[PDB]
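Asks: Structure in structure tokens, see below.
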Amino acid sequence: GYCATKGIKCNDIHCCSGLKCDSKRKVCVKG
């Protein structure tokens, strides 16, 4: 469907298979 891509907050939403959820910046980053 549509996950949280780079630059998108991951405080709750998860990123698509291939991205990491930066718990430090509360956002998705490159894997």
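In the structure tokens, the first chain shown is A, the next is B, and so on; residue numbers restart at 1 for each chain, and ligands run from 1 in the order shown.
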Find the residues near residue A:7: any atom within 10 Å, counting only C-alpha atoms, skip ones fewer than 3 places away on the same chain, and give them as a PDB file with N, CA, C and O atoms, in the first residue's frame.
Replies:
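Now in out.pdb:
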ATOM      1  N   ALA A   4       5.989   4.480   5.400  1.00  0.00           N
ATOM      2  CA  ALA A   4       6.690   5.727   5.677  1.00  0.00           C
ATOM      3  C   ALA A   4       8.053   5.754   4.992  1.00  0.00           C
ATOM      4  O   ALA A   4       8.972   5.035   5.386  1.00  0.00           O
ATOM      5  N   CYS A  10       8.532   8.290  11.850  1.00  0.00           N
ATOM      6  CA  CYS A  10       8.283   6.880  12.124  1.00  0.00           C
ATOM      7  C   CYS A  10       7.974   6.659  13.602  1.00  0.00           C
ATOM      8  O   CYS A  10       8.109   5.549  14.115  1.00  0.00           O
ATOM      9  N   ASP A  22      14.560   5.627  12.107  1.00  0.00           N
ATOM     10  CA  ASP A  22      15.457   6.352  12.999  1.00  0.00           C
ATOM     11  C   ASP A  22      14.745   6.734  14.293  1.00  0.00           C
ATOM     12  O   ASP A  22      13.961   7.682  14.326  1.00  0.00           O
ATOM     13  N   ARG A  25      15.889  10.405  15.380  1.00  0.00           N
ATOM     14  CA  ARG A  25      15.296  11.552  14.703  1.00  0.00           C
ATOM     15  C   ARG A  25      13.801  11.339  14.480  1.00  0.00           C
ATOM     16  O   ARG A  25      13.127  12.175  13.878  1.00  0.00           O
ATOM     17  N   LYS A  26      13.290  10.213  14.967  1.00  0.00           N
ATOM     18  CA  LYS A  26      11.876   9.889  14.822  1.00  0.00           C
ATOM     19  C   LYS A  26      11.441   9.993  13.363  1.00  0.00           C
ATOM     20  O   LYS A  26      10.369  10.518  13.061  1.00  0.00           O
ATOM     21  N   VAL A  27      12.278   9.489  12.462  1.00  0.00           N
ATOM     22  CA  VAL A  27      11.978   9.522  11.036  1.00  0.00           C
ATOM     23  C   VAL A  27      12.621   8.346  10.311  1.00  0.00           C
ATOM     24  O   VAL A  27      13.533   7.703  10.835  1.00  0.00           O
ATOM     25  N   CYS A  28      12.142   8.069   9.103  1.00  0.00           N
ATOM     26  CA  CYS A  28      12.669   6.969   8.304  1.00  0.00           C
ATOM     27  C   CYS A  28      13.924   7.398   7.549  1.00  0.00           C
ATOM     28  O   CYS A  28      14.010   8.523   7.056  1.00  0.00           O
ATOM     29  N   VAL A  29      14.893   6.493   7.461  1.00  0.00           N
ATOM     30  CA  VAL A  29      16.143   6.777   6.764  1.00  0.00           C
ATOM     31  C   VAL A  29      16.516   5.640   5.820  1.00  0.00           C
ATOM     32  O   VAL A  29      15.873   4.589   5.810  1.00  0.00           O
ATOM     33  N   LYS A  30      17.560   5.855   5.027  1.00  0.00           N
ATOM     34  CA  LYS A  30      18.022   4.848   4.079  1.00  0.00           C
ATOM     35  C   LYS A  30      18.589   3.634   4.808  1.00  0.00           C
ATOM     36  O   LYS A  30      19.304   3.772   5.800  1.00  0.00           O
TER      37      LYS A  30
END
Asks: Between atom CA of residue A:3 and atom CA of residue A:15, measure the distance and give it in Å to one decimal.
Replies: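 One can read the atom CA of residue A:3 to atom CA of residue A:15 distance as 5.1 Å.
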Asks: Run DSSP on the backbone and tell me which residues of chain A come out as strand (DSSP E); list them as a list in words.
Replies: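 Answer for chain A restricted to strand (DSSP E) is residues 19, 20, 21, 22, 27, 28, 29 and 30 of chain A.
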